[PDB]
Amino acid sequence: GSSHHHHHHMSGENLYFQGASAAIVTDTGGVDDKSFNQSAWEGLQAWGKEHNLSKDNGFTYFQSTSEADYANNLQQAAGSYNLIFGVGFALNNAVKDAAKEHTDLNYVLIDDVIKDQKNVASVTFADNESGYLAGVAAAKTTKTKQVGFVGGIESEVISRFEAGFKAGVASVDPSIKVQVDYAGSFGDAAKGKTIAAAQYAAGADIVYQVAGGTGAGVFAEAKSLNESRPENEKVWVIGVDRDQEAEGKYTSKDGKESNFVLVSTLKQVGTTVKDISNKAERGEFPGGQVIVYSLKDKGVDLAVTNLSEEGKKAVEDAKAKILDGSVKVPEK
């Protein structure tokens, strides 16, 4: 206001900020998947450090054993936590039922939308846009003109990555074959390994793994192949969610230390967890809203890493065309 004549002083010794307690509930696996779950957890840990908290004293994670465990994990979380993140589209129905039971608590669904629930915020990422950039990169480096995509679970979410990836590859060279295989799980490394083994055997020189912890198998297969060959015949992996450059270190057959990560799509799940936790604690929880992260706000990106200069220029050009609306990336 212009003036505030009726005012009273509050001494700093009497003032306090009321904190919140935040928990993530996993859709499958732990907080060491080197991707989705880990990004969320490092976010929550960073938030905890900023607020002088520690694990099980202000923040924690509940690992889900199956779909049947979602409801039980959310109900357990409601004992001590007043901000609860369902990390993954699979938690949709369970988060919806939990928010209706506990109208005094705040819930966040990561990667999916719940409508008409005042205590639920939804967060989506334009993974089609980051996928497109990964496709431009893949198309500018493949020598076999054959690339692979290993999906976790067939879904709207993984279809965004897949549609974006195909469109990006075709934007550079439509001749390039994309082999698509799904593991049917985000926590099945053994299946990631067999799919990657077959994709590489069928002549892919690059595999984009978009399957969470299932992707550990794709890294395992590419490492084994690359260790038993010369450096100049290595096959590539594209990283997902986190910059996975450090996961691609190996020694070739001819004793050269190298790296088989070409590029990584980024999905700033951690940053969203920290930002929404800060908003919940300040009493500004965005209940009932859908928060869309895209290339524009750097909620998704491509880490260029080991890409050729001509690759980086095609990526910069594709990014500019996505931001200005010149290129519309398909979501399916």
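One-based numbering along the sequence shown.
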Quick note on 27-35 and 263-271: per-entry mean CA temperature factor is higher in 27-35
Is the mean CA B factor in the deposited entry higher across 130-138 or across 167-175? 167-175
Looking at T124, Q76, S185, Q117, which one carries the largest C-alpha B-factor according to the PDB entry? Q117
Highest Cα B-factor in the PDB entry belongs to which of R160, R229, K100, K191? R229
Ranking every modelled residue in this chain by its Cα temperature factor as given in the entry, which third contains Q289? middle
So, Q244's CA B-factor, relative to its chain, sits in which third? The middle
Chain third (lowest, middle, highest) by recorded CA B-factor, residue given as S224: highest
Chain-relative C-alpha B factor for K328 (record values, thirds): the highest
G203's Cα B-factor: lowest, middle or highest third of the chain? highest
